[PDB]
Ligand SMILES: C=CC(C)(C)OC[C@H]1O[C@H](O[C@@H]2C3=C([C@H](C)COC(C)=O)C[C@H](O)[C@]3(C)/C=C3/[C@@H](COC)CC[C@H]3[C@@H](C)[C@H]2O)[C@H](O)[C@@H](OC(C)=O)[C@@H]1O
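For reference, the chain that follows is the form solved without the ligand, supplied as structure tokens.
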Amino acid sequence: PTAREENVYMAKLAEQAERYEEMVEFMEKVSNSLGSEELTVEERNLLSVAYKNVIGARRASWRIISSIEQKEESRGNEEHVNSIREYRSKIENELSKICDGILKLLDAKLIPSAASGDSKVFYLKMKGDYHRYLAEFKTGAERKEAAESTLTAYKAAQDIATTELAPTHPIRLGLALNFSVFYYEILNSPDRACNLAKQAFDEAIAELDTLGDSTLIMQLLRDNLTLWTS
């Protein structure tokens, strides 16, 4: 009853207990203990759910603290603004560290281990996602480079996806969903956003109608598309 095996079981107890930081740790043990083989679909999804929950809690706090700093800076209340920004820096710091940890793991182990179109697009989309979270709060030269790394990763993901995966594939559909959110929200370019989202939705519709979760993601492209045409 192996180390890999027991770490995966612990990661799943951590997921039930909602101790996501521990879940991340157990899955990195798994991931750093692999030779030439890659993570199973189950293991990869466990690592991804762990990081997503560790980063989402901080993104949720960052939005809250940021909406407050803006209301308060708008009433010209300077002492509260310093207190709020200092709180926000603390949070941005945890966001940089969390991203740094999954981005290093992607470049060092995951991406080099990706042997099929499914896993390649999965890890490249992930790489695009964490550089994008860095861009949501960064501001200058830092924002420009996070935005550039984002665009580069999504494009590499889309090249593979477009040619090796079905348009109804959830990973390809999720890539299109996140890539178009990037155009809309980081690049403030609503037109490239709508175009990319609609093309992916249509191609999926086309395939479903001729060749036969992909359902949930498509509802999400539609929800974003209408949200944006407003």
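Residue numbers here begin at 1 and follow the sequence given. Shifts are known only where both forms have a C-alpha. If you superpose the two forms and keep the largest set of C-alpha atoms that fall within 1.5 Å, you have the rigid core.
Count the deposited residues lacking coordinates between residue 212 and residue 213 and you get 4 to 9 of them.
Averaged over Cα atoms, the B-factor as recorded in the entry is higher for 197 to 205 than for the other of 197 to 205 and 170 to 178. The PDB entry records a higher mean C-alpha B factor for 70 to 78 than for its counterpart among 110 to 118 and 70 to 78. Among 60, 47, 34, 54, the highest C-alpha B-factor recorded in the PDB entry belongs to 34. Ranked within its chain, residue 189 lands in the highest third, by CA B factor from the PDB record. Residue-level temperature factors show residue 88 in the middle third of its chain, judged at the C-alpha atom. Ranked by C-alpha B-factor against the other modelled residues of its chain, residue 142 falls in the highest third. In the deposited entry, the Cα temperature factor of residue 136 places it in the middle third of its chain's modelled residues.
Among all modelled residues in this chain, the alpha-carbon of residue 129 has a temperature factor (C-alpha) in the lowest third.
Heads up, the form deposited with the ligand bound isn't pictured, but that's what we're talking about next.
Of the listed positions (45, 189, 199, 70), a single one reaches within 4.5 angstroms of the ligand by any non-hydrogen atom in the entry with it bound, namely 45.
Distance criterion of 4.5 Å from any heavy atom to the ligand in the entry with it bound singles out 49 from the list 194, 49, 165, 65. Note on the interface: of 75 to 83, 120 to 128, 155 to 163, 89 to 97, the segment with non-hydrogen atoms within 4.5 angstroms of the ligand in the entry with it bound is 120 to 128. For the three marked residues, 3, 25 and 114, no heavy atom of any sits within 4.5 Å of the ligand in the entry with it bound.
Among heavy atoms of residue 213, some come within 4.5 Å of the ligand in the entry with it bound. For residue 217, a non-hydrogen atom is located within 4.5 Å of the ligand in the entry with it bound, even though that partner is not displayed. Residue contact check for residue 181: none of its heavy atoms lie within 4.5 Å of the ligand in the entry with it bound.
A residue is said to contact a partner when one of its heavy atoms sits within 4.5 Å of a partner heavy atom; residue 207 fails this definition for the ligand in the entry with it bound, lying far away.
Residues of 149 to 175 lying near the ligand in the entry with it bound, listed in sequence order, are 170, 171, 174, the criterion being any heavy atom within 4.5 Å.
With the core held fixed by superposition, the comparison between the shown form and the other one singles out 75 as the only member of 97, 75, 104, 144 whose CA moves by at least 2 angstroms. The Cα position of residue 36 differs by 2 Å or more between the shown form and the other one after fitting on the rigid core. Under a 2 Å criterion for C-alpha shift, the consecutive stretches of 3+ residues that differ between the shown form and the other one after core superposition lie at 35 to 37, 73 to 76.
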